[PDB]
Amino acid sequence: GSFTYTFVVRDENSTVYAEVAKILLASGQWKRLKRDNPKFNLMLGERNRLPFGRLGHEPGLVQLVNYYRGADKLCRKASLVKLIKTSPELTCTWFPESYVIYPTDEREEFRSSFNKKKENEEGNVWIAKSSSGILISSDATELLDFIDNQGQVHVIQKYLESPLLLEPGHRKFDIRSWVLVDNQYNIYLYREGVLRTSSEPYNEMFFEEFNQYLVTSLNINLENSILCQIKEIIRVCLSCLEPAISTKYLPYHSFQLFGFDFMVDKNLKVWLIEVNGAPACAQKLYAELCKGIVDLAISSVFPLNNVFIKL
């Protein structure tokens, strides 16, 4: 329809959306405006503290923003924990046992869990992390100190003592998928992940080789084990969040890119450890990705004249 849409960029430092800001121009149908110009169709907003209250007011403007208000209820450690312990649906065998500790909480239920394991004489190594410096120990009282020492509401999570290692180099790793949730709440998983292998033994590795280390050194395949369970976790996590961030009755549209962080243990079991709301990408994939975003979440709303899986 030879029409030209408009957009503002409120986050100059996002490499994922500094990229998108381009691919748009590439279609010859988009024009970037002044960061403060309110006549935009699409707003590539800021990582945190985004002005959602001013969306869908400008007369006649249908607006889309690249963040779901309230999506931090899944992205912040402490929140993610409450969310899984709240909704009855969350059968969460894939989520490390976790407790929120306020410096000044669940440190009482934590101690109970800790002591129970101590008497049953089983793995009792935990890791204390900050919701937004990490400690890994077996001493509760000590872990709790660390928390109180530096006020910042930490989370005490059960540490995976039996992690699937790699080689050469026998190093620990973690996988990270990219999930795109559009304005109608369709979920799309980019066919490519990325691993963050460790330097010292127990570099960034892609699904290219890793799909091999699962066969040329193991039994099953990349799909028949990991990629299978990963989909289930994504689906339930976002399904439990929908009610609290659905834009069905809001005066504007919303879409968002999430970066899920997983881990695999000895028995090839996949655990969820974190979900990042403003994930960057590999310098390599930054292209086939940012184009799926425009295709699936932007152009789907503002029409112009495989790679993704729909969970």
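We number the residues from 1 along the sequence you see.
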Missing residues of the deposited chain between residue 104 and residue 105 number 10 or more
Residues of the deposited sequence left unbuilt between residue 203 and residue 202: 10 or more
Between 268-276 and 32-40 (mean CA B-factor, as deposited), the higher: 32-40
Higher average CA B factor in the deposited record is what I'm after, so tell me if that's 290-298 or 19-27. 19-27
Residue with highest C-alpha B-factor in the PDB entry, from 147, 236, 156, 140: 147
Just grab whichever of 115, 186, 225, 79 has the top CA B-factor as deposited. 225
Would you please rank residue 2 by its C-alpha temperature factor against the other modelled residues of its chain and give the third it falls in: lowest, middle or highest? highest
Relative C-alpha B-factor of residue 215, binned into the chain's lowest, middle or highest third: highest
Ranked by Cα temperature factor within the chain, is residue 99 in the lowest third, the middle third or the highest third? lowest
B-factor third for the C-alpha atom of residue 246 within its chain: middle
Split into thirds by Cα B-factor across the chain's modelled residues, where does residue 54 land: lowest, middle or highest? middle
